[PDB]
Amino acid sequence: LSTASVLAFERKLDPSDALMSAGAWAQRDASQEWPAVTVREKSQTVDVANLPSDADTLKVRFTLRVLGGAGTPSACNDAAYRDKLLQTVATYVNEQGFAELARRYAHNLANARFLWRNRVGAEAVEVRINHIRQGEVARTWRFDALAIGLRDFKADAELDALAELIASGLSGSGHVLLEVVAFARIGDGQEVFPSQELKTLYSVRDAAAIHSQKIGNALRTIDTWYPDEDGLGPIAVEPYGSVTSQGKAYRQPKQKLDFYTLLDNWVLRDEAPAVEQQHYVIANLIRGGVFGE
Amino acid sequence: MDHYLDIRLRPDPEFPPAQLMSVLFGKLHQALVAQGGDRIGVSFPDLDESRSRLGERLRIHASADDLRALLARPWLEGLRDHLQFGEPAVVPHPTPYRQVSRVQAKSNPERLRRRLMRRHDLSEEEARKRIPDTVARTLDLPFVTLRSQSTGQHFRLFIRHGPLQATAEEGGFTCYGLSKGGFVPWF
Numbered sequence: 006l007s008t009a010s011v012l013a014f015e016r017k018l019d020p021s022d023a024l025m026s027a028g029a030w031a032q033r034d035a036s037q038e039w040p041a042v043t044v045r046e047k048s077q078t079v080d081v082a083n084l085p086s087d088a089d090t091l092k093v094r095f096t097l098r099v100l101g102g103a104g105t106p107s108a109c110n111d112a113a114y115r116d117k118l119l120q121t122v123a124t125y126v127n128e129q130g131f132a133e134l135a136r137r138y139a140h141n142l143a144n145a146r147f148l149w150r151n152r153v154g155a156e157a158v159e160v161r162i163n164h165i166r167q168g169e170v171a172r173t174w175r176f177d178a179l180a181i182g183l184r185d186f187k188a189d190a191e192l193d194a195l196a197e198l199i200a201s202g203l204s205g206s207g208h209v210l211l212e213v214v215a216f217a218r219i220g221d222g223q224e225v226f227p228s229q230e231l244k245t246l247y248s249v250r251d252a253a254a255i256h257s258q259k260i261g262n263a264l265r266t267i268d269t270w271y272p273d274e275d276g277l278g279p280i281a282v283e284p285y286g287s288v289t290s291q292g293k294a295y296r297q298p299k300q301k302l303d304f305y306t307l308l309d310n311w312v313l314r315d316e317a318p319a320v321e322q323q324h325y326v327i328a329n330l331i332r333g334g335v336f337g338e
Numbered sequence: 001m002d003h004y005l006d007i008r009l010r011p012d013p014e015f016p017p018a019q020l021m022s023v024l025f026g027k028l029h030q031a032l033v034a035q036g037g038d039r040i041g042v043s044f045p046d047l048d049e050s051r052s053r054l055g056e057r058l059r060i061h062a063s064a065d066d067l068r069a070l071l072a073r074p075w076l077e078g079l080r081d082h083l084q085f086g087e088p089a090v091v092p093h094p095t096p097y098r099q100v101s102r103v104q105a106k107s108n109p110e111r112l113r114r115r116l117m118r119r120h121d122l123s124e125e126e127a128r129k130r131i132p133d134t135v136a137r138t139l140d141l142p143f144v145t146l147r148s149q150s151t152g153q154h155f156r157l158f159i160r161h162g163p164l165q166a167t168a169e170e171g172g173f174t175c176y177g178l179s180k181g182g183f184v185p186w187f
């Protein structure tokens, strides 16, 4: 029994492109006719997007789909390796649910980490999360994103209910569609930071916006078990867990803590790792990607 | 100035150190505008003049009450998860002193074209033969990126730490913390 030559997993927790609009604070519950943040050009010629001078609140909006079936690959050569991986994920699910992973995901939804440079320097940020069952709303969560820090994984009853919903979606017991709105208080006429294209800025039609993969990168920033340090905090889950800014890679394959050697020891040789490393492996499976030769 | 506070950039995968120090210097500038005054100094004790790096540290020099008031102000809101704090303590003895100066360049010929053409009513060819393209000065100084709030502009502010002296003399500081005659103790 060896690993398959092709092996591919579709991503779970699909986000949409987060759209930007502007408004004034305490109109946040009436933020349905809020005008979008227009990108303009100025003098080299640079495209910059700012808030209007009578607005201090940036509203970003996206939707997130939680689907389930995180063990089944979308393509696989070997059927024996596929059955071994499926029963490995089955014993992982029967040992513990998705509660730790959905807890960290609801933490990353609670704090506005998807606002990358729009959250820093903000005097107040607030996150409204709607569970939308039919075409109308079914549940509302209200979170102070400045209260939930970016370093520690806290505990809260509303956060635990949201995490139980996300874990129900990850286990295939129901279909989850969430709407995430975030309000950030920056000031009048300050600049916002949408994603930049290959200086040009990302735009859905006449509106500044963030890429969906940016929101997905912020959402999976849950990896707190890399063996170098833990005082820095969580990083995104990656095989050879690395970051583009520092130019350095944790989970180096000389150490036996990258995703690939963990998966090969767990599935092939039945060397089940630590439960935190099991969380890391299943988080990389929920992230998806192309694994194999 | 007797009292110093060391704040250290918490290392971040999410944000680069230069960016972190740029937004820290920007909020320091807005805090110094909000307080005013000219007795508020800055230093960077992690200098590396080989690669012109600013390091990771920010040492603010003032009195005890200025630093203790500047701790409890909203210029540190939204940032305190990203940096580690120190204590306002006294400078040890003995230490040398040096300055913190902004050194710009006339690295843009076009601005001197605009100045010499707006003050004299020259032509473009007269300003082009008057000042050539070789007037651009190259710099090996560290700098932190800053933005503008009202009318938006992006520029790099070069900081130069002056020569080490044995004694310090009187003098003011801007709202950037840079030296206008007053020196900071270097340690």
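Protein chains in written order, with PDB author numbering: chain M, 6 to 48, 77 to 231, 244 to 338; chain S, 1 to 187. Cβ atoms here follow ideal geometry from the backbone N, Cα and C, with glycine treated the same way.
| query | Who are the near neighbours of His-82 of chain S in its chain, counting only those whose CB is closer than 8 Å to its CB and skipping five residues on each side? | reply | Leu-9, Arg-10, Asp-12, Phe-15, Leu-20
| request: Determine which residues of the stretch 269-290 of chain M have a Cβ less than 7 Å from any Cβ of chain S, and write them out in chain order. | output: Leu-277, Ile-280, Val-288, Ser-290
| Measuring CA to CA, which of M:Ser-26, M:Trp-149, M:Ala-215, M:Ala-103 is closest to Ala-328 of chain M? | Distance check between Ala-328 of chain M and each of M:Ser-26, M:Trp-149, M:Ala-215, M:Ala-103 places M:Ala-103 closest, using alpha-carbon atoms only.
| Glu-156 of chain M CB to nearest chain S CB: under 7 Å? | yes
| said: With distance defined between alpha-carbon atoms, name the residue in M:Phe-14, M:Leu-84, M:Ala-9 nearest to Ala-27 of chain M. | reply: M:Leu-84
| task | Go to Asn-127 of chain M, then tell me how far its alpha helix (DSSP H) extends in each direction, as first and last residue. | result | 112-128
| said: Check whether the stretch 125-136 of chain S and the stretch 22-42 of chain S touch, using three or more Cβ-Cβ pairs below 8 Å as the test. | reply: Touching, no.
| task | Check whether the Cβ of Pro-109 of chain S lies closer than 7 Å to any Cβ atom in chain M. | result | no
| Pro-284 of chain M: buried (16+ other C-beta within 10 angstroms of its C-beta) or exposed? | A residue is called buried when at least 16 other Cβ atoms come within 10 angstroms of its Cβ; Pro-284 of chain M meets this threshold and is buried.
| said: Using CA atoms only, rank isn't needed, just tell me which of M:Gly-337, M:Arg-250, M:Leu-195 is closest to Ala-135 of chain M. | reply: M:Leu-195
| For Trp-270 of chain M, which option in M:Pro-20, M:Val-326, M:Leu-97, M:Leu-210 has the closest C-alpha, if you only look at C-alpha atoms? | M:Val-326
| said: Helix, strand or coil for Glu-321 of chain M? Go by DSSP, reduced to three states. | reply: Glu-321 of chain M: helix per DSSP, three-state reduction.
| request: Could you say which of S:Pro-74, S:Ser-148, S:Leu-79 lies nearest to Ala-34 of chain S if we only look at CA atoms? | output: S:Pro-74
| query | In this structure, does DSSP put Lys-92 of chain M in helix, strand or coil? | reply | strand
| By Cβ distance, which residues of its chain are closer than 8 Å to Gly-171 of chain S, with the 5 residues on each side in sequence left out? | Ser-179, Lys-180, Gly-181, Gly-182, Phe-183
| Cβ shell of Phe-226 of chain M (< 6 Å), same chain only, five flanking positions each side left out | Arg-150, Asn-151
| field | 8 Å contact criterion, which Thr-43 of chain M and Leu-210 of chain M should meet: CB distance rounded | value | In fact, because the Cβ distance is near 29 Å, the residues do not count as touching under 8 Å.
| said: So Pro-163 of chain S contacts chain M; which residues on that side make the cut at Cβ distance below 8 Å? | reply: Going along chain M, no residue has its Cβ under 8 Å from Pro-163 of chain S, so there is no contact; the nearest lies around 34 Å.
| said: Just to confirm, is the Cβ distance from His-29 of chain S to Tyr-176 of chain S under 7 Å? | reply: yes
| Taking the C-alpha atoms as reference points, what is the distance between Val-144 of chain S and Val-153 of chain M? | Approximately 17 Å between the Cα atoms of the pair.
| Relative to the alpha-carbon of residue 192 of chain S, which residue among M:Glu-224, M:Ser-228, M:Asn-127 has its alpha-carbon at the smallest distance? | This structure leaves residue 192 of chain S out entirely; chain S is present only between 1 and 187.
| request: Would you list the one or two residues that DSSP bridges to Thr-151 of chain S? | output: Note: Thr-151 of chain S sits in no beta bridge, so no partner.
| query | Which stretch, first to last residue, makes up the alpha helix (DSSP H) that contains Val-23 of chain S? | reply | 17-35
| field | Between the CA atoms of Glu-316 of chain M and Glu-197 of chain M - distance to the nearest angstrom | value | 30 Å
| field | Backbone secondary structure at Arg-53 of chain S - three-state DSSP | value | strand
| task | Using the Cα positions of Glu-87 of chain S and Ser-63 of chain S, report the straight-line distance between them to the nearest angstrom. | result | Cα to Cα, the separation comes out at about 12 Å.
| field | Beta-carbon spacing of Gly-162 of chain S, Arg-98 of chain S below 7 Å | value | yes
| message | Please report whether the beta-carbon of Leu-12 of chain M lies at a distance below 7 Å from any beta-carbon of chain S. | response | Not a single CB atom of chain S sits nearer than 7 Å to the CB of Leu-12 of chain M.
| With burial defined as no fewer than 16 other Cβ atoms inside 10 Å of the residue's Cβ, what is the status of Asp-303 of chain M: buried or exposed? | By the 10 Å Cβ count, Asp-303 of chain M comes out buried.
| Proximal residues to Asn-110 of chain M (C-beta, below 6 Å), its chain only, five neighbours per side dropped | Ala-9, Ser-10, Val-11
| Alpha-carbon spacing of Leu-192 of chain M relative to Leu-142 of chain M, whole angstroms | A direct Cα-to-Cα measurement between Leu-192 of chain M and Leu-142 of chain M gives close to 10 Å.
| message | Quick check on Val-79 of chain M: buried or exposed, where buried means 16 or more other Cβ atoms within 10 Å of its Cβ? | response | exposed
| Which one or two residues does DSSP pair with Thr-145 of chain S in a beta bridge? | S:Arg-156
| Contacts that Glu-224 of chain M makes with chain S (C-beta to C-beta distance below 8 Å) | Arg-147, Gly-152
| Any C-beta of chain M sitting closer than 7 Å to the C-beta of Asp-81 of chain S? | yes
| Given that a residue counts as buried once 16 or more other Cβ atoms are within 10 Å of its Cβ, and exposed if not, what is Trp-174 of chain M? | buried
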